[PDB]
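Architecture and fold: a report
Listed below, chain by chain, are the residues.
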Amino acid sequence: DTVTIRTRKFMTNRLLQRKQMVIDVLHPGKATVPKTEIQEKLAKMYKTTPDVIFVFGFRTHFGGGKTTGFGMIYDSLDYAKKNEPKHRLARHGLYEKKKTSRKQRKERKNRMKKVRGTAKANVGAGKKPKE
Amino acid sequence: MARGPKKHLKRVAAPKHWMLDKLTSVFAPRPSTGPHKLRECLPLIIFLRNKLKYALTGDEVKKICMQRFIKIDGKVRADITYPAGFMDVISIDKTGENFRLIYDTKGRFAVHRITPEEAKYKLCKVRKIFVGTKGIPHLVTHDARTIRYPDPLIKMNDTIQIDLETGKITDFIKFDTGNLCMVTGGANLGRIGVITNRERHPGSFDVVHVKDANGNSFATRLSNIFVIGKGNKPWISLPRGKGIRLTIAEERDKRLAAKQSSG
Amino acid sequence: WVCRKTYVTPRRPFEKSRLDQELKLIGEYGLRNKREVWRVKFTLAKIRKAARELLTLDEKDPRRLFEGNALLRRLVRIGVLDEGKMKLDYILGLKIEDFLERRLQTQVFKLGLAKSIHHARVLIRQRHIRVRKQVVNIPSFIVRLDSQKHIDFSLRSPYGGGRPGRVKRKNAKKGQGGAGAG
RNA sequence: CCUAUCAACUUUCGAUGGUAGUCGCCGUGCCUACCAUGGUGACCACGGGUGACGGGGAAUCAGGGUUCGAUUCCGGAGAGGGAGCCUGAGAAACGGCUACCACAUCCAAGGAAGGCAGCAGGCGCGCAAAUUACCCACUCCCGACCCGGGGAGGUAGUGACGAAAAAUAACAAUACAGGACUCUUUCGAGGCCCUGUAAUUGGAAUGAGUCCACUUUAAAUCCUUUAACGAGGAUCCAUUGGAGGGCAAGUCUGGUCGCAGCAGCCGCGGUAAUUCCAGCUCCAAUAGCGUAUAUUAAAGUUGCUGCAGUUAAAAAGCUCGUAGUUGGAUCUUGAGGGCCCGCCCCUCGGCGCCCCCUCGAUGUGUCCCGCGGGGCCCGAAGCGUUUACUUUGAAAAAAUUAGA
RNA sequence: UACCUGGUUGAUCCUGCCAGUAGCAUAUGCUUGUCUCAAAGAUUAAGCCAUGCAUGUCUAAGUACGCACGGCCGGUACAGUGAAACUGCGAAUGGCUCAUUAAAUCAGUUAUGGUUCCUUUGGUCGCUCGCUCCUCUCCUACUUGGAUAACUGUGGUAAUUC
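Quick look at the overall build of chain B
When its secondary structure is counted, chain B shows three helices and 17 strands. Taken over the C-alpha trace, chain B has a radius of gyration of 20 Å; the compact-globule value for 263 residues is 18 Å, and the two agree within 12%. Judged by the C-alpha coordinates and their principal axes, chain B covers about 50 × 50 × 50 Å. For chain B, with 263 residues in total, the buried portion stands at 43%.

Focus on the overall build of chain A
Along chain A, the regular secondary structure elements total five helices and five strands. Its helices and strands in sequence order give chain A the pattern β-β-β-α-β-β-α-α-α-α, from N to C terminus. Relative to a compact globule of 131 residues, whose C-alpha radius of gyration would be 14 Å, chain A shows 22 Å and is clearly more extended. Expressed along its principal axes, the backbone C-alpha trace of chain A runs to roughly 65 × 35 × 20 Å. Here chain A, with 131 residues, has 36% of them falling under the buried criterion. Contacts in chain A between residues far apart in sequence, at least 24 positions, make up 49% of those at least 6 positions apart.

Some words on the protein's contact with RNA strand E
Around RNA strand E sit 39 residues in total, of which B:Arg3, B:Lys7, B:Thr33, B:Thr146 and C:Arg11 are the nearest. Here RNA strand E approaches the protein such that, of its atoms within 4 Å, sugar and phosphate make up 84%. The separation between a phosphate oxygen of RNA strand E and a polar side-chain atom of A:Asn110 is 3.3 Å. Among the secondary structure elements, those contributing two or more residues to the surface near RNA strand E are α4 (103–112) and α5 (119–125) of chain A, β10 (146–148) of chain B together with α2 (34–56) of chain C. It is α4(A) that provides the largest number of residues to the surface near RNA strand E, a total of four residues. A class-by-class count of the residues in the surface near RNA strand E yields eight nonpolar, ten polar and 21 charged.

Concerning the interface of chain A and chain B
Interfaces are often described in size by the accessible area the parts lose on coming together. Tallying the contact residues gives 17 residues for chain A and 14 residues for chain B. Summed over the shared surface of chain A and chain B, the number is two salt bridges. The salt bridge partner of A:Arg88 is B:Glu60, with a shortest N-O separation of 3.3 Å. For the pair chain A and chain B, the number of links is seven residue pairs in polar contact. Of all the elements in the fold, those that place two or more residues in the side of chain A that touches chain B are β2 (11–13), β3 (18–26), β5 (66–74), α2 (77–83) and α3 (86–91) of chain A. Residues belonging to the side of chain A that touches chain B are distributed by class as follows: seven nonpolar, five polar and five charged.

A look at the pattern of salt bridges
Residue and element names in this part refer to chain B. Applying the stated rule across the entire model yields 27 salt bridges over all chains. The salt bridge partner of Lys71 is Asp93, with a shortest N-O separation of 3.4 Å. With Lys71 in strand β2 (residues 70–72) and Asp93 in the loop between β5 (89–92) and β6 (97–100), this pair connects stretches of sequence that are 22 residues apart. The exposure class of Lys71 is partly exposed, given its relative accessible area of 26%. As a salt-bridge pair, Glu165 and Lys120 come within 3.3 Å of each other at their nearest N and O atoms.

Let's talk about unusual backbone geometry
Omega for the peptide link from A:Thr100 to A:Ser101 comes to -20°, which places this bond in the cis form. Within the element layout of this structure, A:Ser101 appears in the loop between α3 and α4. At A:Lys47, a position not held by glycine, the phi torsion is positive, near 70°. Topologically, A:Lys47 is positioned in the loop between α1 (35–46) and β4 (53–60). A relative accessible area of 67% means that A:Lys47 is categorised as exposed. The backbone of B:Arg30 shows a phi angle near 65°, a positive value even though the residue is not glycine. Its location among the elements puts B:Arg30 in the segment before β1 (42–43).

Here's the deal with the UniProt feature "domain: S4 RNA-binding" in chain B
In the numbering used here, UniProt assigns the "domain: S4 RNA-binding" feature to residues 42–104 of chain B. Note that residues 42–104 of chain B is 27% helix and 27% strand, and that its end C-alpha atoms are spaced 14 Å apart.

Here we look at the packing of helix α1 (residues 16–29) of chain C against α2(C)
Two quantities define a packed helix pair, namely the angle between the helix axes and the distance between the axes. Residues and elements named next belong to chain C. Between α1 and α2, whose axes approach to 9 Å, the crossing angle comes to 95°. Looking at the two axes, α1 sits roughly perpendicular to α2. In this structure, α1 uses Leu19, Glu22, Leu23, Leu25 and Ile26 to contact α2, whose residues at the interface are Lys34, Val37 and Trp38.

Side note on the sheet that holds strand β15 (residues 207–212) of chain B
All names here are of chain B. Reading across from one edge, β16-β15-β14-β13-β17 is the order of the five strands in this open sheet, with antiparallel pairing throughout. Edge positions in the open sheet fall to β16 (217–221) and β17 (225–227), since each of these has one partner strand only. This sheet shows a mean twist of 45° between the axes of neighbouring strands, independent of strand direction. Sheet topology places strand β13 (residues 181–183) next to β17; three bridges connect them, and they run antiparallel. Across the sheet, the residue bridging to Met182 is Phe226, located in β17.

Cut-off values and rules
Residues numbered from 1 in each chain as written, not as in the entry; some residues may be left out. Chains lettered and ligands numbered in written order. Part of a larger assembly, values for the part shown. Heavy atoms only, no water. Helix = DSSP H or I, 4+ residues; strand = E, 2+ residues; numbered from the N terminus. Rg over C-alpha atoms; globule rule 2.2 N^0.38 Å. Buried < 20%, exposed > 50% of the residue type's maximum accessible area, 1.4 Å probe, protein only. Contact = heavy atoms within 4.5 Å. Near = heavy atom within 4 Å. Polar contact = N/O pair within 3.5 Å; in protein donor to acceptor, adjacent residues only side chain to side chain. Nonpolar A, V, L, I, M, F, W, Y, C, P; charged D, E, K, R; others polar. Salt bridge = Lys/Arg side-chain N within 4 Å of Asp/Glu carboxyl O. UniProt positions renumbered as here; feature names shortened; annotations may be inferred. Axes fitted to C-alpha atoms, helices over the stretch in contact; angles between N-to-C directions. Parallel < 35°, antiparallel > 145°, perpendicular 65-115°, else oblique. Pairing = 2+ DSSP bridges.

Here it is in C-alpha cells:
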C-alpha cells in the first residue's frame, strides 16, 4: 500500500547487460510489501516482465514505514542465467543447488583412493553402509 | 616451518592504499605474479567490483573475466587478480572506456578516465639499459618490458613512450632537469612537481630534491621519484584531490561544501 | 573485535557527600542509576583532557588548529556549548549538568507530552515519539540543535494519531467488555 | 631476563688466522692438508638458571614509570622422540617414506598396517575452557577450471570472559504531612506544585510472553516490521553484601552470654551484646553483586624525576690505590625598511685571467665574458682538526592507538 | 581525579610495616527480563586417542577401442557426450600450537659484485651459419621405433589404500 519504488544509485551496466539499482520503498507504517509484489510492480516500470527481475537484500527500518532493498533487471533471461549466483536463483525458487548432500561425496572420494580403475565397484562400496 | 612460499594473503595485513575494509572479510585478493611488485599493485577485482561495482559476488567476477571484454595494456587478459600498477591502462572494449591508475595525493588509486588517444601509449621510465648477449642492446622498463634495438643515445632515468598496439619504442623523452615527476610511495605519495636538483652521493642511495607546483620543497630517494614526462608538458591529466598536495583543513572544506549540493 | 567501557569507577567507594550529590543529579534529570552519572563523568573528563593538551601545544600549529576547531564544532552541534564563547578555556568550565540538559528526555519534558522527568523517560522507552520520521527508544541520547525542531508524536502510538495497536483497543474493551460485560 | 654461594674461558675430535684443495644453490674452518698461535673477558665474558618464542601490540601510572605479550596480524620454530631419504623450482614433509626408540593396533601367529601441538569428539589432567551439527552461497585458495573440491572459511548451537542499550511502571483524583501566593491580629481557612501513604480507580501506554503475514538467510534461526492478544496489584512480584571503627548505614527487637560464632586489620561476645544468631529497619551498588588469587595503583615502603643512614633499619678500623666515574681558566663576526640580511679588528656558482661554438666592437672566430661547456682561481666556499649534541629531510606494516 | 585512611601508647610527635581502598584477569558463589557485539582446552600432560571428516583437479582444445549412453553419419583415423586410466599441476601452501632456543630466534636498518628460483609478465623460436653441404647422396618428412595402464581373462593372501 502506497509504496513507490525510488531508485537510488542507478547503473546502466552494458557489460553484464542489466539495469542495476537500489530499491527504496516508502510505506505508510509497515515496512515491506512482498518480494514478488516488488518484482511485479517494478516489471511494468521498465517493461521487462517480473521473470527476468531478481530482488534481494531487504531490511526493515525501525518504527516501520520504509524498507531499503536491492534489485536487478536483466534485459533477457539469458543474461540473468549467465551472471547467475546460485543463492540469487535459490532466493525465489526456480533452481537450487546440490542436495546429495556433502558427506556422501566425501565417502565416495575416499572409496576411489583404495583401488585403480573400476569406477562402479567403488560406488557400490560406498553404498552398502548407511550407518 | 615454512617449507615454501605462501599462496594466500589475509586481509588486515594488505597494503592500506588498495582501500580494502578492516575485519569484515578475512582474505584479501592478493596480486598474481607479474611485471610489478605486490605492494604497489592493485588486483583487477578491487578495481572492477569495489570501485566500479560490476559484481556483488566472486562468482560474477570469474564470469566477467571469461567474457574477455577486458584488455590490459592492449593485450587480452582473463586473470581475476591481474597485477596492474602505475600508468597501466585498462581498456573496456564493450563500452569504449579507458581508465588509467595514477595516485591521488590523498594516497588512493584514482579512477581516471582517459581518451583512447592517450591510451595508445604510456610513459615508462627505464630501470636498466642493458648491453645484452652478442652485443645487442636492449632497454628494460620498470614494468619488465624488454625492447630490443632501442634508440642509440639514451641513458638512465629517461622515459620512453611504449605503444600498446604494436609494442616497441615510439620515440622517447630525454631525462633533464625540471622534468615532470610524480613522487610515489613514502610521505610524498602522489605529489606531482618538477625536479630542481638531483643530488648525487657515491655509494648507495642518492636523493633528488623536488619542488612541487605549490612551492613546497622536499627531498626523497631517486627510487621514489618516477619520471612521467617532460617539464611543464603533461601527457595525462591531474587526478582528483588535486594530485599536488592539499591540507587537512582545505580538504575538510571541500568535503562539506560538495556534499548536499549535488543532485 | 574490540570493546570499551563507557563509564568510570572512582577510587573511593563510599564518600557520603558525593553519593548524595550523585543522587540529586539522578533526581533532577530522571536517570536510572549512578552508572548514568558515571557515563557523563567519563566523557567530560576526556573532553577536559583533550582541551588541556591542545592548550599546551604551540599556537598556529596544524594539530592544535584542526582538532581544536573539530572539538568546538562537535560541542556546538549538540548544543552543550555556544559559539559566542568558543575556545579551550571555556570548555574546561563545563560540568555534568550541561550535557544532561541537552538529552532527549529533558527536551521531551520542556515541550511535548511529558509531565515530569519521570514521565518523559517512560514515554521515550515506550516509543511515543519520533524525532523526525524516526522512532527513538533511547532516552540518553543527546539531540542536536535542529533535531529539537522535530520531536513530535509517533504513528505507532495511536493517540496523537496512528494505527490501533492493542492498548487503545484495550481501553475500548473496558467500554465493551468491562462495561459491555463480555 | 636473572645469577659471582658462576672469574677466567676457547682446539686435540678447530679454538682464532694465513695458504691451497675437497665439498655446497652459492660466501665461510663448511671440511681437510700444511703453516702460524691466535680469539674473548670486570664495559660481566665463560658457566648456570628460565611456564625464555620474538615483534606490532595490551593494562595501570599526574608526569616519571611499572607490569604484560601462547592467544584474531607479521616473522621464526615444531608436528610422539631421534636419525636418514625420495619427489619437486621449493619439503629433510607424519591427513609422504624408511630405520630405530618410546607408545598404540589387527593377527588364523606366517605377518600387516599407525601418529588429532588439523576440525569436532573422548579419555587423562586440573580452579579452568563449547557441536561427535549444517554449508561451499559469502570471503578467498587450488586445478586441466566460471562450472569442481575445501573442518581454509562461512553459518547456527554452547557462551553473565568481558563490553553495549537500560525495563520490571508512568499520570491524575481523593484521604492526609508539608512550602512560595492570598485572606485573617494571629489561630485558622483558601491556594498551585505535587511527594510519599490509604482506598481503589479512571482513562492512557508498552514488550517480557503469544502470533497470521512481510522480511532474514546457502536453506534457516534471531533481530529490525506487524493484523489479533498481553499491567490497578501482597502484581507480568530483583538481586548481592554491609550497618562497633577504618566504612556509607541500627544510643535496633528477640535469642544467646568469651558458648555458638564474628574477626583481611583494630577488635567484639565472660548477662542489661549498637559487632554474634535470627527478625525488623536502613544503607551501597543495581541485572548484577559477593569471594579467592596474580599483577598494577596508592607507595617518595626501591625513591632516574624523587629516599633514608648522630640517636629510629643503615658509613668499611684506617690509609694508599688501578679499573671505573668525574674534572680549573683561556682563542675575533655598515647599510634597506620599520628585528632582518651577507661580513668584519673548483664537481658548481662566479670577482677576474687564459680557451672554444663566440655575446655586444665580430658572425673553425676577439680585446667587455665564462654568462653554456672548460681549466686556474677570489668575496662565497671543502676552507682549518674531529665529533657528540641539536636541527631538517628521507627510509619509516595494516589492525591497534590518539584522532579527522 | 596528582588524593590516602585504620593499628605501636598513659597520652604525644616521628621511623615503619601491616590492614583497608580502586584498577584489572581468571577462578568461584549467588541471582538474572529483552536488544546487540564475542573471548573461549594456553596454564595443568607440545599427554594419549575410538569414529567421522579436513585436497583435489578437464577445457571445442594432450591421450577414448567403457560392459557406457545416444546416433544414420561412416571409413581416411572417426563421431555428439563420457565413468575410468595415463599425462601435467596442486599436495611445501592451508590449518594448529609455542615445547625448543638467551645475540640463538626475532625486530628495525643494511647486503648478495657470494648465490638459486617453477610460474606470471616482456623479449629470445628455420641452419648444421654449407664438415670450403654427409644435412642435393645422412633419400623417414606426406612424420621414425616399441611398451604399460585403464580394459579383458585367470588369480593369490587369516588379515593390507596388499
